[PDB]
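Visitor: Protein chains in written order, with full-length UniProt numbering: chain W, 8 to 114, 128 to 234; chain U, 6 to 115, 129 to 234. For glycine and all other residues, C-beta sits at the position ideal for the given N, C-alpha and C.
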Amino acid sequence: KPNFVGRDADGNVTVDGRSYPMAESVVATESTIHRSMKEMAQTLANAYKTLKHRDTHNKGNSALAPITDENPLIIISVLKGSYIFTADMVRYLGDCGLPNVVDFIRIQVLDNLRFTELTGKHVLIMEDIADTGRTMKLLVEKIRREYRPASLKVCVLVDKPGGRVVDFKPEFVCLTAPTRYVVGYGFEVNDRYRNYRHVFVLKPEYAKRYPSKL
Amino acid sequence: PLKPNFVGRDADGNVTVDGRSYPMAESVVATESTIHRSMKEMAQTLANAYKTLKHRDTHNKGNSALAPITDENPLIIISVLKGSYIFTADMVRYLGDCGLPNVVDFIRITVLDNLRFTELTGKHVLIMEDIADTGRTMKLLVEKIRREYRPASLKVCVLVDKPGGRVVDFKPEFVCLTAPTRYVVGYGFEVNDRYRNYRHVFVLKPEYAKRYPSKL
Ligand SMILES: O=c1[nH]c(=O)c2[nH+]cn([C@@H]3O[C@H](COP(=O)(O)O)[C@@H](O)[C@H]3O)c2[nH]1
Ligand SMILES: O=c1[nH]c(=O)c2[nH+]cn([C@@H]3O[C@H](COP(=O)(O)O)[C@@H](O)[C@H]3O)c2[nH]1
Ligand SMILES: [Mg+2]
Ligand SMILES: [Mg+2]
């Protein structure tokens, strides 16, 4: 399970024998990424499994209902960067027995949510990264104003505390990284390297490597 | 994921996989290790099919010759939301193991959310879908992509094929698993979004089909 990190004949970063010429260094290997996400899953389960919110399964019941398959935790995943993080995370949530459903928002909102009944529900946002915090600050503001959830929290895979310049603080953080551009496991440069299993610091000379439009 | 899973039954007669009870399941179509074995082999099948192909160079618009599939001009993967995102997340990582450079864009059809990629003409495009049942949705999807963009090639990779349910004539080029003509749940498949995050694919109990009628 542990991934071997080294260097090849050239100066290139290697992980399990495969060379990553775009990488300056490794932020976290896949085994490290999944271990923290498994622990975050237990953290999320402990924080939500006993909570109660509005019963929309049985609308004739005025009492708050526990988090079950009938009234699951609402997870909002931020495309495109969070879909791999989200796919792994909700599987670990199932391992911890926390019922949840996922809808996607794409961000300026490009693709709106299709879920409509978030009022008085516990809602969790799954985002790939929090750097300056501007994106998630406005997203949290918009969801609070338009949907009025019972609670609204944010779970990020990577937090860059050194970059925060607005009043935003994610409740749940898997990994903490420096203020460098990272790629891999959802992170990309013009959509490249998104499917890599590890998170790397990108070489600065690769930052403008693909200027052409997709 | 590739660890052997034990299928059993608890004292209540409910399906269990690795000791975990699944009251909504009538039977098991494929456990997680079966799922991931077929995906890894399918990724090698995908890599062998696309590795040596060439398509139009959009990285360098000054170039006139066709270009190989590289980071500069990767394979274009269109993932169909919502059912395909878990399948897609695992698949593109297996494709990286095989060294097939690819980029993913999402489309949501009933079209509710359109592609943001705009340079698909003369490109090799692979649609990644959860399941092909009656085939009407994929048939209309393939025809829409062909007419609007005219890619160099357009093929469909589905996690599950239900060939016994065909209404129209549609054959996905790549099929990881086949299922009986039943309603399936788990690993992307759901009833009103429930059970999507399960690691195995089960046949749903008919009594669970209408279990969650309320709008999310
Ligand atoms: O590949 C990447 N490596 C990074 O280090 C990084 N930091 C920020 N982002 C992207 O910028 C968007 C805005 O994030 P903030 O509003 O929190 O600053 C984020 O939503 C991200 O999409 C990154 N993408
Ligand atoms: O949970 C599910 N279990 C199933 O057996 C099933 N069969 C079809 N579908 C869904 O129907 C949509 C259209 O597929 P077809 O046009 O091929 O029938 C597909 O895209 C699927 O979303 C299923 N969903
Ligand atoms: Mg249930
Ligand atoms: Mg579908």
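Comparing alpha-carbon positions, which option in 208/U, 188/U, 143/U lies nearest residue 169/U?
Guide: Per the Cα distances, 143/U.
Visitor: Check residue 223/U in the structure and name its three-state DSSP category.
Guide: coil
Visitor: Does the contact criterion of 3 or more C-beta pairs under 8 Å hold for the region 148-166 of chain W versus the region 180-192 of chain W?
Guide: yes
Visitor: Would you please state the rounded distance, in angstroms, between the beta carbons of residue 108/U and residue 212/W? I believe it to be under 8 Å.
Guide: 7 Å
Visitor: On the criterion of 16 or more Cβ atoms from any shown chain inside 10 Å, does residue 24/U qualify as buried, or is it exposed?
Guide: exposed
Visitor: Please classify residue 69/W: is it buried, with 16 or more other beta-carbons within 10 angstroms of its beta-carbon, or exposed?
Guide: exposed
Visitor: Against residue 50/U, what residues of chain W qualify as contacts under a CB-to-CB distance less than 9 Å, listed in chain order?
Guide: Going along chain W, no residue has its Cβ under 9 Å from residue 50/U, so there is no contact; the nearest lies around 17 Å.
Visitor: Does the beta-carbon distance from residue 110/U to residue 131/W come in below 8 Å?
Guide: no
Visitor: Show which residues of chain W have a CB atom less than 8 Å away from the CB atom of residue 108/U.
Guide: 211, 212, 214, 234
Visitor: How about residue 113/U and residue 86/U: do their beta carbons lie closer than 8 Å?
Guide: yes
Visitor: Report the option in 210/W, 175/W, 95/W, 29/W whose CA atom is closest to the CA atom of residue 205/U.
Guide: 95/W
Visitor: For residue 59/W, count the other beta carbons within 10 Å of its own beta carbon; 16 or more makes it buried, fewer makes it exposed. Which is it?
Guide: Label assigned to residue 59/W: exposed.
Visitor: Say yes only if the C-beta of residue 156/U is nearer than 7 Å to one or more non-hydrogen atoms of ligand 3, and no if none qualify.
Guide: Distances between the C-beta of residue 156/U and the heavy atoms of ligand 3 are all 7 Å or more.
Visitor: Mind checking whether residue 51/W and residue 220/W have CB atoms under 8 Å apart?
Guide: no
Visitor: Out of 165/W, 167/W, 106/W, 175/W, state which residue places its alpha-carbon closest to the alpha-carbon of residue 92/W.
Guide: Of the candidates 165/W, 167/W, 106/W, 175/W, the one whose C-alpha sits nearest the C-alpha of residue 92/W is 175/W.
Visitor: Compare the C-beta of residue 135/W with all C-beta atoms of chain U and state if any pair is closer than 8 Å.
Guide: yes
Visitor: With a cut-off of 8 Å, does the C-beta of residue 116/U fall near any C-beta of chain W?
Guide: Within chain U, residue numbering steps from 115 directly to 129, and residue 116/U belongs to the interval with no atoms modelled.
Visitor: Which value, in whole angstroms, describes the spacing of the CA atoms of residue 227/U and residue 233/U?
Guide: 15 Å
Visitor: Just tell me which of 105/U, 26/U, 9/U has its CA closest to the CA of residue 16/U.
Guide: Checked all of 105/U, 26/U, 9/U; the closest Cα to residue 16/U is 26/U.
Visitor: What are the residues in the region 217-230 of chain W lying within 7 Å of chain U by C-beta distance?
Guide: Under the 7 Å Cβ criterion, the region 217-230 of chain W contributes 217, 230.
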